[PDB]
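J.: need a 3D model of the sequence below.
(4 chains, ligands or ions: 2)
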Amino acid sequence: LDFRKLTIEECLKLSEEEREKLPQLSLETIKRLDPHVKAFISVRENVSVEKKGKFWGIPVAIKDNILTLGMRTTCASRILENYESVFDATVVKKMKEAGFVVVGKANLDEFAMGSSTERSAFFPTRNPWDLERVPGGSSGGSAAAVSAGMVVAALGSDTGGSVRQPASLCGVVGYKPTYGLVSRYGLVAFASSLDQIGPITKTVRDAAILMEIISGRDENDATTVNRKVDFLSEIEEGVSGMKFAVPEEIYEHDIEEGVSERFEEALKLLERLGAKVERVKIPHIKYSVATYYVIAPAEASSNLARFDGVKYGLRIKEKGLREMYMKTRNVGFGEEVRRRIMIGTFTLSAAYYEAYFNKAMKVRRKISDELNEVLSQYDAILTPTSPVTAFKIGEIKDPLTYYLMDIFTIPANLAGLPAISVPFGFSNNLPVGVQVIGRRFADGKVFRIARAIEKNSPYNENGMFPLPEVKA
Amino acid sequence: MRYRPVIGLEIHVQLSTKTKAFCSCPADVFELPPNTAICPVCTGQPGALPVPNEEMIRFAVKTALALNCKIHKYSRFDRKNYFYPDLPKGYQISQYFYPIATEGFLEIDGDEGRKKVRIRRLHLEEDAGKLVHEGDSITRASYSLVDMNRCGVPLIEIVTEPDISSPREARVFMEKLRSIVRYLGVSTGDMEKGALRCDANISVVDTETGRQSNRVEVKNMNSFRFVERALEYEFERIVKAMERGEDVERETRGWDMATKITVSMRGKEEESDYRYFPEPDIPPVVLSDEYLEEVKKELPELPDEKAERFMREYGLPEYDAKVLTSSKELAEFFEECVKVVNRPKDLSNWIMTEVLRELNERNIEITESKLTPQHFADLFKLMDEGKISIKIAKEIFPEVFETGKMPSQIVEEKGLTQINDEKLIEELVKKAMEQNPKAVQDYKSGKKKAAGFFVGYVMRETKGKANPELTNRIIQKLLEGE
Amino acid sequence: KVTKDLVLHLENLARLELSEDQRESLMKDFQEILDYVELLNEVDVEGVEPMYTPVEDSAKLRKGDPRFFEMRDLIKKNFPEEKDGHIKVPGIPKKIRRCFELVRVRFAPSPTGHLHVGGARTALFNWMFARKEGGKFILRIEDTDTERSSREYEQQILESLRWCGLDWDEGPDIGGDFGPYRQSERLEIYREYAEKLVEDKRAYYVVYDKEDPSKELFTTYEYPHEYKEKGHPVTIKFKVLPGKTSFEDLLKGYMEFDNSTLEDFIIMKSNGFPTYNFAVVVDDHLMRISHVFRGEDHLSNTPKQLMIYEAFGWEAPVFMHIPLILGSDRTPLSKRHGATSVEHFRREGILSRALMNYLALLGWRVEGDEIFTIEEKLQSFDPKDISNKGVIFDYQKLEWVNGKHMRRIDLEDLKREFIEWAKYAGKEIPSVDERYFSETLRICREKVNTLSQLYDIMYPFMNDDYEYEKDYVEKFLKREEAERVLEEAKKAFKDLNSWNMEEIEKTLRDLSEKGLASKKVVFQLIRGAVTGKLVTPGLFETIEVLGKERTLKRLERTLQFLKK
RNA sequence: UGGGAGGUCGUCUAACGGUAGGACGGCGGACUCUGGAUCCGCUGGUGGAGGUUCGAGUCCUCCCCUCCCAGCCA
Ligand SMILES: Nc1ncnc2c1ncn2[C@@H]1O[C@H](COS(=O)(=O)NC(=O)[C@@H](N)CCC(=O)O)[C@@H](O)[C@H]1O
Ligand SMILES: [Zn+2]
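T.: Numbering: from 1, shown residues only, chains lettered A, B, ... in the order given. Ligands and ions are numbered 1, 2, ... in the order given. Have a look at this structure:
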């Protein structure tokens, strides 16, 4: 077996002697592979693994907007690099408390804000197969050092589909538990209402296996209250008798040709297992992204209000305070972020509140309510995670573009809604997969419909879609 | 009398909790070196979330109740955005829309006439930390120092209608407020250590009104004797107004605690745009009906009805009760005592005089001093039995409130049993005049307690004892044949 | 729906600068961005409860305990800049005997004026207490206010006192092991010990405006080198800390104050001199003073002083705030009044030992004879006999005990005391026979209280040019029977063998009989002609130590003063 | 206003919870001479309202008067 590819579960068992090399030969393969793909901002020195825990040895990587005591968390933004963590985000606490050994802090968009990865102010991150393209999403570097095989699995925040996007667009499995199942404590939050740390992995058995470890209520986030949720058990069980649902403007824009094509397979390659792929028409969902781009960068213009050169991070040695704040928040944030924190403060200003904001906050209970009971005639909804192959290194300098390059991802956020992105393509020669929305706070079921596809699909040999061979 | 003032004040309150406000740090952080009560959360570190402290809520409801506030089943948390070095998160957790308790009223003894005063809102806030400039107060220099210790200590900000009339009704409004809270256990309320803060509003026009005159506002002014003499001053100059061609206008003033004056503005942290949105980091607070009728039975009886009880419900007069119900500890030791001797009538007096006395001629509260109801119970049943004159039962009472010794015990030692036996009181009282005739002669004419002398003779000559009643009966008769 | 001003009210609200470069850069795609959202206007503008969070709306709120963060240190080694723990940011098998402290009191007057009967009791108090406990009396001029003071007032404050008989074992006039004993003579020390507290976390410096020494400028705990040579003023203040301060007090029992009532207070003036309260303590400590017994006017001051002591870490003394003697207007005497000053009562006639009698009596437990030396009194002395009220000074009583006093001592004594009084007053007496005067004294004394009285009454026995009372005439000379009598009188005496005392009373015990006028009117012409004053010692002693010589004269030179 | 300390004849000073006296002043006298000497008699007081007590200046609660600290005065 080449380790460049190796499900957590293959790692499960391989001799007390044989398996203790998996950490080392993970940083070892990084020194080689990494410089090309450019996915890691930290990469550990050389610290080592012991025992304690079902899942030891298994080296992981985690998005650098996720506080990790021992190694500078930075959100990939000049204002916040140089900041030593002061507490393990609970997800990482729970990870280490299990056996997992975190290796480096993976790149991303500036503050998890964007939809490619190049917007990161540290450096762009190239898609494993095709250094000319881009991982997409917000947690790109995560879902690209996993594909490439420097690590068994990763974690990543998802605000506008920020784990799904880069998984489908980079080739692997990204999961987004429901807003309320994974501690946001330790996640440098960009939007408090929508965010959620999820796995990013090779097998859709790990996307499901990570959850049953990185979860549970936490007394450090008062928005995670408990729930009887199982991500395993019913996993391997083809949806052999379930009605589904499909969008409508899902066919009213212009999906890249090669996309909806190797998508329409998902329709029948499921009906081949025997299930109603019927359709229903939702209206107000039409807006979502317009609604998500009020709320989110609104929450940003206060969630980020805290990075002020006052007490940590970057600080411009200016003689006055009115100066210091601004000239620090300017030369620190910069780039994309800048403009988000702007439109947001504007969403909350004097003569616009009930106008723009509150409205949107209600439309999110429009879309919320509609999308919802749709999960109450039948089971999963679904859609292509991606609306595009995987764009090239350079990009039409136009925010609007990115801010649309979602739709398929956004509304899952506006309800927490679980949602996997499992591969099932190779189209235009850039392996984009599909997504499977879920009932609000009804998880396990989407971790059935996942494995379903992952095997009962052409292309995927051994049960797991292939991994990009990397120049080394 | 001629011009009418309308005052309304804003009040902040430090709640005397344990756990801070949205985390697990101690919030009683006065004599604490700078930044020793920091925690990832209250310090605004990245990726920190607020966890509503239970106790912070308990306290609010208590004060909401006492303030006769329609409470609020449902209650949201909000974010008051703004920048300042003394405020980490870049915002503050308050309650703009949905205060836990809306609308109430506090009644003032009123240095004027006995009045009611309407509460408006009654929400919760986080409270920032100490920002001190480079050695100075209302001013400036080169660098300021932030001390976050205080960041995230449970604040309650009560706002009150422009009811208040007298810069005294003001003083006593907050005199009441402290003297309430220093009680139910939810604050020290002591303005000095910045535990009770306040700003205020004022106005005036005719003699009978149609509205008001828009505020002025007096932020800054610790001390109660300084909120008076300062709303005092912000009146002596509001009258030289439409009494000199002038309207009652806008602007804001603080007060120099040195001179005795007030000023306009210079700092300039104005009435900006605070952008109030709901705090997504916290899900809404919904107070269990099934629980809350459990914290109306937690909060203690306020000394106004603790009287009303004792009053027409223990037999005690308005006076006797009113006194007993000050020292709440004492008020307890009354009942603690009645319980064991269901005669309140006498228990009162004794604790009001003899007892309340040694709790002074040596400083203490009943609380720890060797005096159980089992002493009265004993004292009593003993006077009851006529082995002891109410006199002797007062003579003995210190050595008991001292030695703990049981009343009936110290009597079995000095032998103080009320000798009203044989009328050898008849005897002693005779020899009383044989060797003291200037006196009998005196009663032969000056009636007013002239025998008071002989009363004293018999006592002196029998250790406390005798028998007031009987000893007197005798004398006032042996002064009839001389 | 597209502006340029939004830059203020917006990039000002998220405190975000935007260099002239990326300025109109934002707007571009902010406009488009704004526009796209307009695809919202197609909605429901009424009743629709918003959503800020999914979930099931409860809270489930912590009931836990207070806990100090497990690694506070990383939060703080992550600050950009720091001072004293704060975040710093841009301005806007042989043994030995055991020694017990030895007894020592101080009378620490300030030369602000003349010493009154006030400071006299509250000084005699300290004096006696020292002389009874076998200790020492220390005397210290406290002249820290350099207007309110003087070397005359200081000078006269020692005289009045040396008069009351209050020898100090240590003072400004003869030194002592604890010199010096003026305070202006020891700025050497205060600034020393004052900075000993700005070393500590306890005192600090304060700078003011060059051209208005009222308004305060800055503070830090470090000497304003620059500012003190740029010609500003600086005080040192004592950092009151929070807490409670208390003490016992032999007279005023247990006493307690708390310091949320005492605001930060000046202990070193702009002019290098201490403030009162700081000045003591240092001096009061250094001067090894076991007991302070002072004016009730100073109780409300023993806190401020007690803070100081316990910040130098020094054992304080027993205290004892004695009451004031008041004026007739229910209020304390002072430098002000100035009409109740020891000097006064001295020359006005009052004998020292009698002031000390009354001062040792005004508001003391009487116990026994009311008239006594301050030595006799000693052997029955408890500083606890003193009453708690502020008594009022009562000259009436004073003069009463004054009188009872001269009449009760040896004659020589009063003599000396009279004569030495003469000078200080400055009456100028023309002495005579060293044992005639020493007889008209004997007589004159028995009838007068002060000494300005033992002077006026003694008066016509020496000076022969004595007046006649603008009143003795009025009902004795302007009388119709006058000349008839003064006349018969003159011969009744002019014819007198034995001039002793026996057949001298007789002489007149019949000039009466023969009915010239009433026994009275006669006796009082004789008297009021030979002395000039209606009231005088017993006429049988006066006309007897005047001589047939003088009586005849004086009998005569009014028979002429009768003229017209 | 706070904190402190005081509150019995006009002025000081007494009265185990048992007839509120003494001293100084004052008023009246006396001293076969005045009185500013001495003696003698008188006058005159518990700040206010209640509570406890057979009885309160004395013990309890509140109220009222006065004085002190609140000073780059001491
Ligand atoms: N009316 C009065 N009646 C009776 N005594 C009075 C008095 N007024 C002042 N005194 C007391 O006499 C002493 C000296 O007064 S003084 O010259 O003002 N000096 C001072 O007060 C300070 N220099 C000393 C204070 C101290 O003892 O520590 C000080 O003890 C003072 O309290
Ligand atoms: Zn904390």
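J.: SS state for the residue in the stretch 401-550 of chain C that chain B sits nearest to?
T.: Taking CB to the nearest CB, chain B has its nearest neighbour within the stretch 401-550 of chain C at residue C:404, 31.4 Å off. C-beta: built from backbone N, CA, C; applies to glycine. Following DSSP: H, G, I helix; E, B strand; the rest coil, the label given to residue C:404 is helix.
J.: quick check: nearest residue in space to it, chain neighbours excluded?
T.: Excluding the flanking residues, the one nearest residue C:404 by CB to CB, 6 or more residues apart in numbering or on different chains is residue C:371, at 5.2 Å.
J.: for that neighbour, give me its contacts.
T.: C:357, C:401, C:404-405, C:408 (CB atoms under 8 Å, 6 or more residues apart in numbering or on different chains).
J.: can I have the buried ones of those as a PyMOL selection?
T.: Buried residues within those, by 16 or more other CB atoms under 10 Å in any protein chain shown, are selected in PyMOL with:
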select buried, chain C and resi 357+401+405
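J.: could I get the contacts of residue C:371 as JSON lines with distance to residue C:150?
T.: JSON lines is the format used below for these (distance: CB to CB, whole Å):
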{"residue": "C:357", "distance to residue C:150": "30"}
{"residue": "C:401", "distance to residue C:150": "32"}
{"residue": "C:404", "distance to residue C:150": "37"}
{"residue": "C:405", "distance to residue C:150": "33"}
{"residue": "C:408", "distance to residue C:150": "39"}
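J.: could you report the neighbour count for the closest residue to ligand 2 within the stretch 151-300 of chain A?
T.: For the stretch 151-300 of chain A, the residue closest to ligand 2 is residue A:220, as judged by CB to the ion, at 12.0 Å. Counted with other CB atoms under 10 Å in any protein chain shown, residues neighbouring residue A:220 total 23.
J.: what's near enough to touch the closest residue to chain B within the stretch 151-300 of chain C?
T.: At 3.4 Å from chain B, residue C:219 is the closest residue in the stretch 151-300 of chain C, using CB to the nearest CB. Counting by CB under 8 Å, 6+ apart, residue C:219 makes contact with B:135-136, C:204-207.
J.: helices of the stretch 301-450 of chain A, start to end?
T.: In the stretch 301-450 of chain A, the helices defined using DSSP state H, counting those that start in this stretch lie at A:321-332, A:335-347, A:359-374, A:399-402, A:410-413, A:446-455.
J.: same list, those, but as CSV with mean neighbour count and distance to residue C:91 please.
T.: Listed next are the helices of the stretch 301-450 of chain A as CSV, based on neighbours: other CB atoms under 10 Å in any protein chain shown; distance: least, CB to CB, whole Å:
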stretch, mean neighbour count, distance to residue C:91
helix A:321-332, 21, 7
helix A:335-347, 24, 26
helix A:359-374, 20, 40
helix A:399-402, 17, 38
helix A:410-413, 27, 43
helix A:446-455, 24, 56
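J.: chain B: strands as residue ranges?
T.: B:8-14, B:74-75, B:78-81, B:91-94, B:104-108, B:115-125, B:130-133, B:143-147, B:155-160, B:196-201, B:254-256, B:261-263, B:277-278, B:285-286 (DSSP state E).
J.: tell me if the second one is near chain C.
T.: This means strand B:74-75. No - Strand B:74-75 is not in contact with chain C by CB under 8 Å from any CB of the partner chain; minimum separation 8.6 Å.
J.: what's that strand packed up against?
T.: Applying 3 or more CB pairs under 8 Å, 6 or more residues apart in numbering or on different chains; DSSP states H and E, one finds that strand B:74-75 makes contact with strand B:285-286.
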